[PDB]
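Have a look at the structure below, then the notes.
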Amino acid sequence: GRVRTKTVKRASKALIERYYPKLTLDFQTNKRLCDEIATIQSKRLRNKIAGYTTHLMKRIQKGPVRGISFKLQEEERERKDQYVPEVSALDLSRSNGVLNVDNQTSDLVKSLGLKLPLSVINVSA
Amino acid sequence: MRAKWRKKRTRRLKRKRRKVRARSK
Amino acid sequence: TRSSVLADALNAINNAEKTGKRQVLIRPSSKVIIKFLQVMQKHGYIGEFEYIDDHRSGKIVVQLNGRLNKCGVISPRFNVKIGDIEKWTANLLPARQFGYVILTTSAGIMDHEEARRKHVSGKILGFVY
Amino acid sequence: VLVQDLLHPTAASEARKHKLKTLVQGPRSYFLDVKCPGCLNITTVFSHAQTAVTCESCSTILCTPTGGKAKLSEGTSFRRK
Amino acid sequence: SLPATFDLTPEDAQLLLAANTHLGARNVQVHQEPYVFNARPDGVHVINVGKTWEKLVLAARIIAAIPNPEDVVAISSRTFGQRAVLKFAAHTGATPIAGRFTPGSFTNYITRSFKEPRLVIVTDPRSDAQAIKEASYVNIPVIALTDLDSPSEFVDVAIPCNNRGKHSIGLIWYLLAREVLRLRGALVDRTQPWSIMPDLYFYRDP
Amino acid sequence: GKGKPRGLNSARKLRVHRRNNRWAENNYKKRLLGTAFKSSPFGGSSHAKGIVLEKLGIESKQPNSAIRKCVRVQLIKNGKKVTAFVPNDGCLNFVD
Amino acid sequence: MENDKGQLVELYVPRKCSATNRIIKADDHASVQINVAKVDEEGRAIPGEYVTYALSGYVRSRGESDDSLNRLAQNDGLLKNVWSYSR
Amino acid sequence: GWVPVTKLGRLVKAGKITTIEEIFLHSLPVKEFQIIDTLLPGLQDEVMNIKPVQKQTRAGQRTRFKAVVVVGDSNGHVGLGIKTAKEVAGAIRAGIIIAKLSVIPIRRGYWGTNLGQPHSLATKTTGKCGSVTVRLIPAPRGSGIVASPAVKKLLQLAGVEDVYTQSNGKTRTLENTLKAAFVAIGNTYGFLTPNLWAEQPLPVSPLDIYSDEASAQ
Amino acid sequence: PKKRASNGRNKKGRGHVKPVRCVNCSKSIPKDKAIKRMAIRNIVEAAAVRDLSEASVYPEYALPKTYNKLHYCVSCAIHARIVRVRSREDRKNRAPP
RNA sequence: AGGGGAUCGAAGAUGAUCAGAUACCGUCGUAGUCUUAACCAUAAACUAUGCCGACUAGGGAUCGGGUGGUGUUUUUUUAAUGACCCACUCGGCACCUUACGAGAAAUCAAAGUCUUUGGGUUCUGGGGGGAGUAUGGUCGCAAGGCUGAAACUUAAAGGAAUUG
Ligand SMILES: [Mg+2]
Ligand SMILES: [Mg+2]
Ligand SMILES: [Mg+2]
Ligand SMILES: [Mg+2]
Ligand SMILES: [Mg+2]
Ligand SMILES: [Mg+2]
């Protein structure tokens, strides 16, 4: 029955996102870290927050944790988010410049008359 | 008390009386 | 069965206007309906209406400009005296400065305003505002 | 659509509707100039016939009534109107 | 009216059909019928991409009419529109709402996420129905990336596209971003295509 | 058509129907049936003299728990026996 | 509305819907007013002058605003061949 | 003092919008009552009724007080507000704020000819709340407000002086009678009249033109 | 007040269907109103099945099965926990699971 | 009033239960349950929603009829037909989403197109009891049906929904 109060959880949620690069996965270091970086009121609460914070380090270590995003996680996501596939991005080259469609889209191209390479495949049903 | 038990009670009462009014008719 | 084609034509227009339609189709569109449309169009409540000649009874497609509030019929066509026009107008119209009570009188279908200056009276057909 | 030209419906839209519900109601039925397999005599047969129409030479059958359109007797040429 | 350059260029229609944006939905409602070019066998309908392009160009002119780019909110809730909206928000002001809308972001003038846009753009009226309904209390226009089966209530401008394809959704947002930048001194070089590849608006995994 | 007829020649159906349903009015029924003149202590009169027959103290209805101190009076015009209140603090002594 | 010596006496004249000529009232919080940018040559938004449509909340709620904008833009030339009168 | 959190408030506080009818013209939603006070200063206030609303709980009956407050001067502006608070005084304060948010403009017309200033309603209108239906008829000059004392005062805080009235349903319900009348008076700009048939150039919104000063950094 | 659009049954176009007898108390309930469950149970068991397979001649023997349609009155279905009275808006849910 | 009468089963019998149990529960069981020839004419006879007509919003499914696909399907390696699929349409039983709109609300595609009140028409109601009672009439073999008050009494009865 050791469920941790949101004041403990939101305190970790107020610590990791700003000090992840300098924290450690060791609780003993963390509570000594919690001494000066965090201005807490009681020693019992000091150890409780350090324990949850250390547990968050393990959870963070094995993949990102939802709801908490440290600073270096932001750049880690954005570099992955700047992906621009240099080919295959609907730039033709599927059949080396002759896109494929059905009869109706083909006539559609003719309803607009635009000059575009094309093809036609049978359907049914 | 349903009105059908009122209905059934009143039917008996309405029909013991056309028998007692018959002894004078 | 139908009893008042003018009532059905006026009701069809009214439902169309409340739905924002800019036109409505009317069947069977008698010539009392046409005369009633003509007075409404003369005062600007509707636009151009066109009579489709089927060989049976007629159709009308009325263009609505959105200026119509409530076109309605008064049934039965009560015999209204020339002095009893004011009573109908007060009961049927929203204000004295606008709206019309269309009367079928011996001089033809006409609004209560024109029928007052021709000094004729008949039976009340319907209203428009 | 709240705005449409009820006086000029598209021909595909009117062909979709019931015959009594077009802009001006009319029949979708037609007449056939059926030809007897043997003789050259031309008989004018209603599409929705509903009677077993008979030619002169082919005095057995020329069409067969059904629920709607009449069924031609699988050996007869025809042209509309 | 509109000058001749704004017509559907073949290069733009090259990829507009490639992303299968023409692939409409099996079910079409009476408010999306005009965009139904035809019905293919197997029941998939086809959209007239000329309607898609012309409606897209209209929305850009509507978009590039608010004096401020910071109050043109682009809404997405589906996971496919998340990257499309955010990178739509990068090129213009276009404050984005990706993920959850937080009901009461247009009313409830005291919250942190309370905003007062002059225009809301939704990637999907069905999924962003909360955003659309929230926008109908405050007299805000709505531009929707509707499909043939999507609702049209409180949708002032509708761009017909394929809501079931990540390629289509990313392309529509990309094109919308390009036209609004063209309708300002940002990409004044109208003739040549945009330098950035449209793929960066597409969905991202994992 | 919402119930009632409308036609110009329907005034008989309208008037007869109204005359039939008017009897549902308790105040109109009583005047037309003339129950007050026929069956009532006062023959449709605002006042009536009488002869005091006895003095009664009646228990008021609940919840009041009081005594009302009325008098039983024999009417002079028709002879009907009624009971009548004596409204004041006392004044029963006056009646005798 | 006027009075005897002219001199219009009316708080304001409400804007009418561009699709139905309906009065847009003060508490019509679903009624929008769309502004479409004017465009000169080479497509410049030239901010300041717009083509403006007012859509009543009734049309938006009933879901015919998207078609109403199509018809009104087609009428003013904003769109070219999207809206067809006959359907 | 007052710090504007809304674009409308920022314009009104800065002075870019100097009259309320500009808000009504574009149907801008007012959220800060400071906007109404800045544009309608002399807005006299009255309370029509205070009634207790009770909720049954495990221990006893919880009581709260519901206040109906009417704002509006005698120059064609009216508001109405329904607020329930734990105490009467608080219900009045929040009742006044709610009524100021719901300020709407009304229409004054002539029963007869267009002589003098408008005195009556421009058109007979009607509002419904609950089962109560309130109908307002334009009246000749000098007829006064022929209405129940509650609806009569709501019409005095409207600027109307001549109007007839009819009613339906449980008019003894004051909140529904006030809401029904309040709906009725607001419909007076809802109705379309021949004088308003003329087209207008549909002017731009204040939130569009003065969008530089509004929504600061 | 009307608790259900389909009053308590499935009858729109009949005026009278027929009665059927509840399998638990023999009450007469109309066939449309009756709660119906189909019992599709193996002939022997899911526990004794192994025992009867070892002791069976014909080393491969298709195990037969029992079928019977069960009709319950409203009371018996509730008492036996077949229906489980639901909320005002959940009772509109007509899905089998 | 004949026939027939297996089962179930007002009445009745009886066994338990219960303080009592002329009830629920168990076992019998007459009338009835079935049929023929005649009666009665009532049901929560219900969708508690008269009938005819017009209009107003989106969808899918289904029953019956019809129309069209160079559609699938068969025994003669295809034909017609049947069955099936798709797209329409007419009529019907309904259903789903929404609130134009209505309503007191529950809810309603009608219970909408109603103080902006009029398509045509029939029936019924006027606070709760007394009371569908008394009497009269009429129908019926009877049961009872239809018609149907008054004296008197009464500040409420009631509908929908909310918290407990
Ligand atoms: Mg109950
Ligand atoms: Mg039945
Ligand atoms: Mg009944
Ligand atoms: Mg059926
Ligand atoms: Mg009464
Ligand atoms: Mg009574």
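Chains as they are written, first to last, in PDB author numbering: chain BR, 2 to 126; chain An, 1 to 25; chain BW, 2 to 130; chain Bb, 2 to 82; chain BA, 2 to 207; chain BX, 2 to 97; chain BV, 1 to 87; chain BC, 34 to 250; chain Ba, 2 to 98.
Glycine included, C-beta positions come from ideal geometry on N, C-alpha and C.
Let me see if you follow: with CB-CB separation under 7 Å, is residue i close to chain BV or not?
i                   : result
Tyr-175 of chain BA : no
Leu-24 of chain Bb  : no
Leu-7 of chain Bb   : no
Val-54 of chain Bb  : no
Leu-73 of chain Bb  : no
If we define contact as Cβ-Cβ less than 7 Å, is residue i a contact residue for chain BW?
i                      : result
residue 92 of chain BV : It is not possible to answer for residue 92 of chain BV, since the shown part of chain BV is limited to 1 through 87.
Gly-8 of chain BX      : yes
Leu-21 of chain Bb     : no
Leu-3 of chain Bb      : yes
Against chain BR, does residue i count as a neighbour if the rule is that its beta carbon must be under 7 Å from one of theirs?
i                   : result
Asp-200 of chain BA : yes
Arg-41 of chain BA  : yes
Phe-89 of chain BA  : no
Since residue i is in the beta strand (DSSP E), which residue starts that stretch and which ends it?
i                   : result
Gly-127 of chain BW : 123-129
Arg-38 of chain Ba  : 36-43
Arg-95 of chain BC  : 94-104
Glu-55 of chain BX  : 51-57
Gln-131 of chain BA : Note, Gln-131 of chain BA: premise wrong, no beta strand (DSSP E); alpha helix (DSSP H) at 130-136.
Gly-114 of chain BC : 110-118
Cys-72 of chain BW  : 72-74
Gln-64 of chain BW  : 60-64
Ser-200 of chain BC : 196-201
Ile-144 of chain BA : 143-145
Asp-34 of chain Bb  : 32-36
Are any of the Cβ atoms in chain BC nearer than 7 Å to that of residue i?
i                   : result
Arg-23 of chain BW  : no
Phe-99 of chain BW  : yes
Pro-70 of chain BA  : no
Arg-117 of chain BW : no
Quick one: give me the first and last residue of the alpha helix (DSSP H) that residue i is part of.
i                       : result
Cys-77 of chain Ba      : 75-80
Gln-89 of chain BC      : Premise fails: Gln-89 of chain BC lies in the beta strand (DSSP E), 78-89, not in any alpha helix (DSSP H).
residue 278 of chain BC : Look at the range of chain BC in this structure, 34 to 250, and you will see that residue 278 of chain BC is not part of it.
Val-58 of chain BA      : 50-64
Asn-94 of chain BX      : 93-96
Taking only beta-carbon atoms, is residue i less than 7 Å away from chain BX?
i                  : result
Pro-95 of chain BW : no
Would you say residue i lies against chain Bb (beta-carbon separation less than 7 Å)?
i                  : result
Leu-26 of chain BW : yes
Could you tell me whether any Cβ in chain BA is nearer than 7 Å to the Cβ of residue i?
i                  : result
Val-36 of chain BV : yes
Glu-41 of chain BV : yes
Check your understanding: Taking a cut-off of 7 Å, which residues have a beta-carbon closer than that to any heavy atom of ligand 8, in chain order?
Key -> What this structure holds is ligand 1, ligand 2, ligand 3, ligand 4, ligand 5 and ligand 6, not ligand 8.
Practice item. Check each residue of the segment 143-155 of chain BC: if its Cβ is closer than 9 Å to any Cβ of chain BW, include it; give the result in chain order. Key: Cβ proximity to chain BW below 9 Å picks out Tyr-143, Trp-144, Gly-145, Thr-146, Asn-147, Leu-154 and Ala-155 from the segment 143-155 of chain BC.
Review point. Below 8 Å, can you find three or more Cβ-Cβ pairs linking the segment 50-57 of chain BA to the segment 159-175 of chain BA?
Key: Taking a contact to require three or more Cβ pairs closer than 8 Å, the segment 50-57 of chain BA and the segment 159-175 of chain BA qualify as touching.
**Study point:** Any 3 or more C-beta pairs closer than 8 Å across the segment 45-60 of chain BW and the segment 77-85 of chain BW
**Key:** No contact exists between the segment 45-60 of chain BW and the segment 77-85 of chain BW.
Check your understanding: Touching or not, the segment 124-142 of chain BC and the segment 99-106 of chain BC, by the rule of three or more beta carbon pairs under 8 Å?
Key -> Pairwise C-beta distances place the segment 124-142 of chain BC in contact with the segment 99-106 of chain BC, as three or more of them are shorter than 8 Å.
Check your understanding: Just by C-beta distance, which residues in the segment 2-23 of chain BV are closer than 9 Å to chain BW?
Key -> Those would be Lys-16, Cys-17, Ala-19, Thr-20, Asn-21 and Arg-22, in chain order.
Review point. Is the segment 85-96 of chain Ba touching the segment 39-52 of chain Ba in the sense that three or more CB pairs, one from each, lie closer than 8 Å?
Key: With the cut-off at 8 Å, the segment 39-52 of chain Ba and the segment 85-96 of chain Ba do not touch.
Check your understanding: Closer than 9 Å, Cβ to any Cβ of chain BV: which residues of the segment 53-78 of chain BW, in chain order?
Key -> Answer set for the segment 53-78 of chain BW: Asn-66, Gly-67 and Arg-68.
**Study point:** At least three beta-carbon pairs within less than 8 Å, the segment 152-165 of chain BC to the segment 66-74 of chain BC
**Key:** In short, these stretches do not touch, since the Cβ pair count stays below three.
Check your understanding: the segment 66-86 of chain BR: which residues have C-beta closer than 8 Å to a C-beta of chain BA, in chain order?
Key -> For the segment 66-86 of chain BR, residues whose beta-carbon sits nearer than 8 Å to a beta-carbon of chain BA comprise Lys-81, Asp-82, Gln-83, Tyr-84, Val-85 and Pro-86.
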